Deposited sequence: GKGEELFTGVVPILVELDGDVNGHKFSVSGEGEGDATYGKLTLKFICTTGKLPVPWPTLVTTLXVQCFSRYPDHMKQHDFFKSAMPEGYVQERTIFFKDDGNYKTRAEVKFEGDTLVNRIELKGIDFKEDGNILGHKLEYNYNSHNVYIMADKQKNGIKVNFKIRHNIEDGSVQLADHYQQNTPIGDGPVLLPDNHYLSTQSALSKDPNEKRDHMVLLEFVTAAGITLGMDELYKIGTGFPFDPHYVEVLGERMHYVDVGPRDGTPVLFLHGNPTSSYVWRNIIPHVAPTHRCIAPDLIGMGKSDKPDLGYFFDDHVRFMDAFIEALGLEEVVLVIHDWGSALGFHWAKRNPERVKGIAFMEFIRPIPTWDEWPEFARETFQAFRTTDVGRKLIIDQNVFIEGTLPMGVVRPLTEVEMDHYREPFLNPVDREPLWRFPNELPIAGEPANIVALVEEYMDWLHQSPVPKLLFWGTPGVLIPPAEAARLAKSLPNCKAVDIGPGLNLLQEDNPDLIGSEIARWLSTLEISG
């Protein structure tokens, strides 16, 4: 069943409803892509005007399209029931108002995933939030809690939807849900876990009928708390006539620890790692030029531009010796600086770092087509600059766990204006993949050669399946690099700091205590 979801799947939804005697029908069409947990659908009220608010129908109107992480695939009941499908039953209690009772069958009909529903609503107030149409046309993010019902060979599901009301209040809709397979075959019965959801509601400007356009992303989580705050005072330094922002905490003496982020992040990516190190060592975490809270001049934002500014940042702070903690393009900066200043580097901690990627075969299959499209002057700028895909989509797809709205808004803040998105597009176009661009390939080969000969203490973090660093490569490097300790962080893609910050931070702290600094 799970193999039926490896690509984009067309969806059809049909709803027959009756709420307080008002009969109506809704039809929907679109597609789902479980790789991304994604649904893109358009729903039409085929009987006229919808007698209830469109948001009240979102949960009723295909959880088999949820993004289940690799390490949780044995917990995905929904896909395991396919193609024969499952019955989905709910009662939805609208607080201080009526209730919906729904029964749906979700199954494949040919190549199409179909959700057919009957809905009955009763006991609603004619002047309440639902029949009075007092709900805002928007939708919140929720946790959907799933447990097995071993006796009934299905699952029990519970969650509370928060509907924003036009007077600023919130109307709760308490969801009680049961799913049972239609077929007679066995299914996966999961351990307790949850789905983290988000939904975006919009309108079709050319559609005359009452309708709803829906974009939804859902990732499963909860099988094996992470701070969202950024409690660091801003520090600024003039670098090459531009102001760069940096975190600066911990004791003033000793060897400083320099944390370098990559694409599309900022010093925010280090927020839950720095507190493990600050007790014993100075922590300096700059925002790269063009990113975070640093100034954003009109540059090409080639790697060489970042080299120039980071060189000058390090000198501006008068750093002499450093320990480097580096990630993604921050690792290219850190390694390239170490190669040129080996006497000044007392240790390198690194993770998901820039290495020569010899063939596209080594790039994750699920992200291969998108990064190839990023690496163009037309389509790639449309995606990254015009549509902000690297922030809105590639960033969440580089983290195994769900990124919360607060965390997303921290990552979004530097790039609300499309003109400032140049570094987000130039960075993937600098990645050394399949020999191009040759100048980056040559630079990265040089610092990898240096790394293989240098005695500097090394700490390598890696996760499964990773993105830049497959687990087999991390293992090979741990065995071949001198004075290298390797730490498996568990599940992870690219931003390993977001999937296991406590292990990364505590192991850096312990490793620092073993250095002769």
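- Residues 1-2, 64, 228-234, 528-529 of the deposited sequence have no C-alpha coordinates in the structure.
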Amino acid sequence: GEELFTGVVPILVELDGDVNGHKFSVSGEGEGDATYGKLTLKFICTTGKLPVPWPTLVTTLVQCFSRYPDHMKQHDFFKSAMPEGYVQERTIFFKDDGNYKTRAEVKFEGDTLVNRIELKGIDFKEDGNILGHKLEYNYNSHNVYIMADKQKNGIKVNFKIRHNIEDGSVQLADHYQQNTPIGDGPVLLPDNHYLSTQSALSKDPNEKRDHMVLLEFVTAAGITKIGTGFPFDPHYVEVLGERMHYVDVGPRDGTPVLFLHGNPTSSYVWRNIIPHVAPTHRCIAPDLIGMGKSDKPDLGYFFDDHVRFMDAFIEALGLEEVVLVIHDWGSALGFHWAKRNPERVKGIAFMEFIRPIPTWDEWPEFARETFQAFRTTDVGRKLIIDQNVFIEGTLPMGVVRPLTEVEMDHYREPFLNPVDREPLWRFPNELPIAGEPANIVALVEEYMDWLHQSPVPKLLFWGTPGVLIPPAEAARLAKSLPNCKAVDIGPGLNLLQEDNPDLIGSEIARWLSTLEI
From here on, numbers count along this sequence of modelled residues.
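- Comparing 256-264 with 369-377, the higher mean C-alpha B-factor in the PDB entry belongs to 369-377.
- On average the C-alpha atoms of 81-89 have higher B-factors than those of the other stretch, with 327-335 and 81-89 being the two compared.
- The entry assigns its greatest Cα B factor, within the set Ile391, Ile182, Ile440, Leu288, to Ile182.
- Taking the PDB entry at face value, the top CA B factor among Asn115, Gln198, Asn206, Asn341 belongs to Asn206.
- Among the modelled residues of its chain, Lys458 has a C-alpha B-factor that falls in the middle third according to the deposited record.
- In the PDB entry, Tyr145 places in the lowest third of its chain by CA B-factor.
- When all modelled residues of the chain are sorted by CA temperature factor, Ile273 is found within the middle third.
- Per the deposited record, the Cα B-factor of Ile44 falls in the highest third when ranked against the other modelled residues of its chain.
- Annotation for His306: C-alpha temperature factor in the lowest third relative to the rest of the modelled chain, per the entry.
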